[PDB]
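One structure below.
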Amino acid sequence: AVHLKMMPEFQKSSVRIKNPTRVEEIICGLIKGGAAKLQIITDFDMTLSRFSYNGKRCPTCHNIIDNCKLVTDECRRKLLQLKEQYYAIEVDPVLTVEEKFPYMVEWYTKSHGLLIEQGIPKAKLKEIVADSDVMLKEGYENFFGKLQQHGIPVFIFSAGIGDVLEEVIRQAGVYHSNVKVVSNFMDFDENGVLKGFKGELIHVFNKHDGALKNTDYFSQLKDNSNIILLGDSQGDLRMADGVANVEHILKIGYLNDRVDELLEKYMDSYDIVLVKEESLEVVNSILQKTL
Ligand SMILES: [Mg+2]
């Protein structure tokens, strides 16, 4: 039987749970099913990676390129302005999520388009990432290592840059076979320089779309009817729309920011909310009981 009261990881003051008995019931199903029934579906930026370090704000996969030596200060002025105009839209409380779709497409298309202009070679991404300020959450080695140990599917679903994401996890030693990455991947020309992005755009609000267009992946995993979902945005809640059959799903949300504005919405939509939390210990503690 599961008791969150007896799990020291859940006593941390960053842990917000609206419905503890409901959560206990889900973790209880997760445990019952064990390895055989489990898969992970996860956002990357600010979920697997840190939102902040030494009083310092950590980069997203996009920020890694924005900030690198291969991009002018003049490109960074444009990128900044874009963020100011379009982030105001993203967080606008009066607009419906649906009304924001076209704005998001515009933002990612404009900002990717400035990066394409800077001329990013594939061969250089290794060093760009090594020199970057990127940080994985405390407990990542344990997170990925228990998962690979038990062959648990991990579907990282990211509106970031997939090439950047992969380099981060590769340099961290956690890009194991069990880890599938769906993201905005770069498209390279003859010389291995960036010319555009592959496929259809994944942004913060349309993960339902990509989730359904990954049938390929989810139907092979019919038997994995227990899901752990991790996100930091409301849009990450749609990341499991493509799952065959769902028996138990636990939704864990990182609330990193805008805490007073978003806490109620987060507590109502995610099962567990992790306020200003830079580790993976609550999910690791659930993996430990389960695996
Ligand atoms: Mg994120």
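Don't overthink the numbers, they just go from 1 along the chain as shown.
We read in the header that X-ray crystallography, 2.3 Å was used to get this structure.
Even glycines carry a Cβ here, placed using N, Cα and C.
For the substrate site, Swiss-Prot gives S158, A159, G160; the one candidate out of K110, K207, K213 that the record lists there too is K207. Noted from Swiss-Prot: of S14, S219, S233, the annotation phosphoserine belongs to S233. Binding site for Mg(2+) per Swiss-Prot: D43, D45, plus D232 from the candidate set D223, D232, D241, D257. Among the recorded positions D43, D45, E90, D232, the residue whose Cβ has the fewest other Cβ atoms within 10 Å is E90. Across the structure, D45 (active site, proton donor) and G160 (substrate binding site) are spaced 7 Å apart at their Cα atoms. Proximity to ligand 1 at the level of Cβ atoms, with a cut-off under 6 angstroms, picks out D45, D232 from the recorded positions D45, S158, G160, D232.
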